[PDB]
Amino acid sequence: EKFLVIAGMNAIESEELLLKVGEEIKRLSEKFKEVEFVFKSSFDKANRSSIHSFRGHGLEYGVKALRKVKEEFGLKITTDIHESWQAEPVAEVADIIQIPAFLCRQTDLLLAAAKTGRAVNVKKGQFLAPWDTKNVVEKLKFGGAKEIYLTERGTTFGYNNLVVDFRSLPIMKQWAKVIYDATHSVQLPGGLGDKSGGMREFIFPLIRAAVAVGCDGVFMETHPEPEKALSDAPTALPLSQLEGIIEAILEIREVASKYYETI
């Protein structure tokens, strides 16, 4: 099946920066034709640790910025919602509606996304066991979702740290397509006090493990200059490095794929 690569910018800092990333993703989509690319960005960071951190420029502005990316580059779009009412307006531009990790248990948010007819991708809560995502998928199907994804983004391991339990990939594959969030799986929640920390040095190694184990796609956040990111500065991947990473995981996927177990 066609490997999915969700990539973009964690937050919509400016429509201009968004298009810069979109142009690169567009270029990569032309090269890696065997990959289905979906552009990602959030119109709002509704769960920053601090009240003083960047959130965004509003749903209206965000949707406008995303629609511009879809129109100018012909790229599929994905963004996350935080409250039920946002599902309808977002569904107009988003091909895949993302459900934040902390909200993976909020029945109404899930139902609101499902009735739009759009694909739904749920970030697995850091408090959730792999086998407990089965009920998450059941809620979505109940609400009309036909295309469902579950994203592995790490699990609470002690304080301010996350661990990736790769056993979750084959477990979750039993009821939905699985995506590996290579970015947030290495973040250190609240690690920097008023902001979360992260270890970029482990992004690549862990993504290699992800494709070796076997998944249906990867999620990666990028930025032209991570150091200047308004969110995920510690984990944003330099845009120039995206191509090399994708090539690498496609190669590892190919050689490992014959050994992928059948569910």
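So that there is no doubt, residue numbering starts at 1 and follows the sequence shown.
Undergrad: Could you check the entry and say whether 188 to 196 or 137 to 145 has the higher mean CA B-factor?
TA: Higher mean C-alpha B-factor: 188 to 196.
Undergrad: Out of 59 to 67 and 215 to 223, which stretch has the higher average CA B-factor listed in the record?
TA: Result: 59 to 67.
Undergrad: C-alpha B factor of residue 35, ranked within the chain: lowest, middle or highest third?
TA: Its C-alpha B-factor, which the entry lists for residue 35, ranks in the middle third among residues of this chain.
Undergrad: Test of reading the entry: by CA B factor among the chain's modelled residues, which third contains residue 46?
TA: Middle third, going by the recorded CA B-factors of the chain.
Undergrad: For the chain shown, is the CA B-factor of residue 152 in the lowest, middle or highest third of its modelled residues?
TA: Tercile = lowest for this residue's CA B-factor.
Undergrad: In terms of the chain's CA B-factor thirds, is residue 181 lowest, middle or highest?
TA: Lowest third.
Undergrad: Report the third (lowest, middle or highest) to which the CA temperature factor of residue 159 belongs, ranking only the modelled residues of the same chain.
TA: Ranked within chain, residue 159 CA B lands in the lowest tercile.
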